[PDB]
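[1] Return atomic coordinates for the entry below.
(one chain, ligands or ions: 2)
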Amino acid sequence: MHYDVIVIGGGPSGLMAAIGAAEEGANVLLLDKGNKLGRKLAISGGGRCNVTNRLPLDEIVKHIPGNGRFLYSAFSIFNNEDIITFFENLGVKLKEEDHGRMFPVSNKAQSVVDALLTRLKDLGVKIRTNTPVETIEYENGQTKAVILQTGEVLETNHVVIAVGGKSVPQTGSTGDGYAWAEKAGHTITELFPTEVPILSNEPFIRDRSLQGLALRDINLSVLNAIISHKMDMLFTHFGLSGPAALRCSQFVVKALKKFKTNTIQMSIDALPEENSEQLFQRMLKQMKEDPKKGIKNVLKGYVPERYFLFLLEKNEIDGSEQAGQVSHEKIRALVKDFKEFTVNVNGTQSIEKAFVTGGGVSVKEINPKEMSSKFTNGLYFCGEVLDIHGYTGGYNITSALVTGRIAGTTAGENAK
Ligand SMILES: Cc1cc2nc3c(=O)[nH]c(=O)nc-3n(C[C@H](O)[C@H](O)[C@H](O)COP(=O)(O)OP(=O)(O)OC[C@H]3O[C@@H](n4cnc5c(N)ncnc54)[C@H](O)[C@@H]3O)c2cc1C
Ligand SMILES: [Cl-]
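    Residues are numbered from 1 along each chain as shown. Ligands and ions are numbered 1, 2, ... in the order given. This is the structure:
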C-alpha cells in the first residue's frame with residue numbers, strides 16, 4: 001500500500017477531495033480516465049465557470065432540489081463563503097454577478113482548474129492521467145484495492161469515488177461509479193436527465209404552428225403542480241425549450257415514470273403579471289375604443305402575434321371580426337388561454353445531453369458529516385455521483401466542492 005487515500009476522478013469534487021486528504025498529511029493518489037483533469041469543469045459556466053453562489057444558506061438549499069437538505073451538516077463545516085475564501089487564497093479572485101452567481105474575475109474556467117492543480121502540486125499529490133479505473137476491491141466490509149482497466153492493482157484502505165454522473169460522456173463522466181457503489185452494498189436512485197428540452201406531439205407542434213416563437217417571462221407549470229416563474233420559453237420543432245422548459249424537464253420525466261401515462265399536462269401562463277379580471281377589462285376597454293376595427297388589430301400587443309392568431313383560431317374568432325361583434329364569452333375564453341394554455345408533453349431529451357444527472361448513490365446510505373458509506377468501511381463519495389442535484393446558478397459545483405472537501409478531509413483523517 002503506497003497510498004493512504006486514492007481519489008478516483010479529477011472533477012471539482014475529486015480535486016477538492018485530494019486537496020482535503022493531502023492537507024491531513026495523507027499520501028494521496030488522484031486517478032483520472034482523461035488526458036486532462038477537470039474537462040467538464042473547464043467547459044462549465046459557458047467556459048467561465050459559475051463556481052459557487054453567494055446567496056444565504058436557506059436559499060442555497062432551496063436551489064438544490066435533489067437532496068439539498070442532506071447538505072445542512074456539510075455546510076456547517078464548509079459552505080459557500082468558505083469556497084470564496086478558499087479560491088481567493090489560491091490566487092483566483094471571484095466576483096458576483098446576477099442572482100448571487102460567483103465567477104472568477106478572469107472570466108476563465110481554466111483559471112479555476114489551474115488553481116486547483118497548482119494546489120495539488122504544492123501538496124505533493126500524485127496525479128495519474130489516462131488511467132481509467134475498472135473496479136474497487138472490498139473484503140470484510142472494507143475497501144482493499146483499486147483495480148485499473150489494465151489490471152494493475154493499487155492497494156489502499158481509503159478510496160474516494162468522485163467520478164461524476166452520466167451526462168456529456170466526452171468529459172469522462174460515463175456512469176462508472178454506480179456499479180462500484182452497488183458492489184459496496186448501496187442503492188442507486190433511478191437516473192433522470194435535468195435541464196433538457198421537453199418533447200411533445202401535440203398537433204400544433206407537429207404542424208409547426210408556433211415554431212421558433214419565444215414567449216418571454218412566462219409561468220410554466222407541470223399539472224397534477226410544479227411551477228417555473230417569470231422565465232422564457234421557446235417553441236421548437238419537437239416541443240418546448242428555453243429556461244422555463246429546461247427547469248420543468250426533470251418534473252416531466254419523474255411524472256411520466258411514476259404514473260405510466262403516454263403524456264402529461266403542462267400549462268402556460270403567458271401573462272403572469274396580470275390577473276384574468278384585469279386582463280378581461282383591459283380587453284373590453286379597448287374593444288369599445290374601436291368597435292368598428294378588426295379584433296386582430298384592437299387586441300394586438302398582449303402576446304406575440306403568432307401566438308395571438310393561433311389562439312383566436314382555437315377559440316373560433318375571425319381576426320377580421322369587428323371588435324363590437326365578438327361575444328364576451330369568446331373573449332373570456334381568449335383570456336383563459338392567455339393564462340392557462342395546456343400543452344400535453346410526452347418526454348424529454350436524453351441523459352447524455354443533460355446539464356446534470358439526477359439520481360445516483362442514495363444519500364440515505366451516507367454519513368452527512370463524513371461523506372462515508374454506511375455499508376463499507378474506507379469508502380467515500382462526493383460530487384455528482386451522489387443523488388444530489390442543483391438548478392442552474394453555481395449550485396452543482398457548490399455541492400461538488402463541499403462534498404469533495406468533506407470526503408477528502410475525512411479519508412485523510414481516517415487514514416492516519
Ligand atoms: C455544459 C456544462 C456546464 C456546467 N456549468 C456549471 C456551472 O457553471 N456551475 C455549476 O455549479 N455546475 C455546472 N455544471 C455541472 C457541473 O459541471 C457538474 O455537476 C460537476 O462538474 C460535477 O463534478 P464531479 O466532480 O462530481 O464530476 P465531473 O466534473 O463529472 O468529473 C468526474 C471525473 O471523473 C473521471 N472519471 C470518470 N470515470 C472514471 C473512471 N472509471 N476512472 C478514472 N476516472 C474516471 C472523469 O474523467 C472526470 O474527470 C455544468 C455542466 C455542464 C455539462
Ligand atoms: Cl450552473
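[2] does stretch 360-372 come close to ligand 1?
    No: remark: stretch 360-372 sits outside contact range of ligand 1, by C-beta under 6 Å from any ligand atom, the gap being at least 9.3 Å. Placement of C-beta: from N, CA and C, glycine included.
[3] Can I get that stretch as PDB, trimmed to CA atoms?
    Taking C-alpha atoms only, stretch 360-372 is exported to PDB below (Å, rounded to 0.1, in the frame of the first residue of the first chain):
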ATOM      1  CA  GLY A 360     -27.200   8.500  -8.200                       C
ATOM      2  CA  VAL A 361     -25.900   6.900  -5.000                       C
ATOM      3  CA  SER A 362     -28.600   7.300  -2.300                       C
ATOM      4  CA  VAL A 363     -27.700   9.900   0.400                       C
ATOM      5  CA  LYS A 364     -29.700   7.900   3.000                       C
ATOM      6  CA  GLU A 365     -26.700   5.500   3.000                       C
ATOM      7  CA  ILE A 366     -24.100   8.100   3.500                       C
ATOM      8  CA  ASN A 367     -23.000   9.800   6.700                       C
ATOM      9  CA  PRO A 368     -23.600  13.500   6.100                       C
ATOM     10  CA  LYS A 369     -20.800  14.800   8.300                       C
ATOM     11  CA  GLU A 370     -18.300  12.400   6.600                       C
ATOM     12  CA  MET A 371     -19.400  11.600   3.100                       C
ATOM     13  CA  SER A 372     -18.600   8.000   4.100                       C
END
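[4] With residue 200 as the reference, measure out to residue 51.
    In this view, residue 51 and residue 200 are 35 Å apart by C-beta to C-beta, to the nearest Å.
[5] Which one's more surrounded, those two?
    Counted by other C-beta atoms under 10 Å, residue 51 and residue 200 do not tie: residue 51 has more neighbours, with 27 against 22.
[6] From what I see, the more buried one and residue 394 are in contact.
    Yes: using C-beta atoms under 8 Å, residue 51 is in contact with residue 394, at 6.3 Å.
[7] so what's residue 43 up against?
    109, 168, 171 (C-beta atoms under 8 Å, 6 or more residues apart in numbering).
[8] 10 Å instead?
    Residue 43 is in contact with 49, 109, 168, 170-171, counting by C-beta atoms under 10 Å, 6 or more residues apart in numbering.
[9] that older thread, what do residue 51 and residue 394 both touch?
    Counting by C-beta under 10 Å, 6+ apart, the shared contacts of residue 51 and residue 394 are 44-45, 80, 83, 101-103, 401.
[10] mind listing which of those are in helices?
    If you go by DSSP state H, these have 80, 83, 401 in helices.
[11] which residue packs closest to the second one, ignoring adjacent ones?
    When the adjacent residues along the chain are set aside, residue 83 lies closest to residue 52, with 4.5 Å between them (C-beta to C-beta, 6 or more residues apart in numbering).
[12] And the one you found, how far from ligand 1?
    In this view, residue 52 and ligand 1 are 8 Å apart by C-beta to the nearest ligand atom, to the nearest Å.
[13] So that residue is in contact with residue 81, correct?
    Yes: with contact defined as C-beta atoms under 10 Å, residue 52 reaches residue 81; the gap is 8.9 Å.
[14] returning to that earlier point: any of the ones in helices among the shared contacts of residue 51 and residue 394 buried? List them.
    Neighbour counting by 16 or more other C-beta atoms under 10 Å classes 80, 83, 401 among those as buried.
[15] if I look at the last one, how far off is residue 320?
    Between residue 401 and residue 320 the distance is 60 Å, computed by C-beta to C-beta.
[16] Same question for the second one.
    As for residue 83, its distance to residue 320 is 60 Å (criterion: C-beta to C-beta).
[17] Tell me how many other residues crowd residue 298.
    Residues near residue 298, counting by other C-beta under 10 Å, number 20.
[18] what's it in contact with, if anything?
    Per C-beta under 10 Å, 6+ apart, neighbours of residue 298: 283, 286-292, 321-324, 326.
[19] quick one: contacts for residue 178?
    Applying C-beta under 10 Å, 6+ apart, we find residue 178 in contact with 161, 163, 165-166, 186-189, 191, 357, 359-361, 385.
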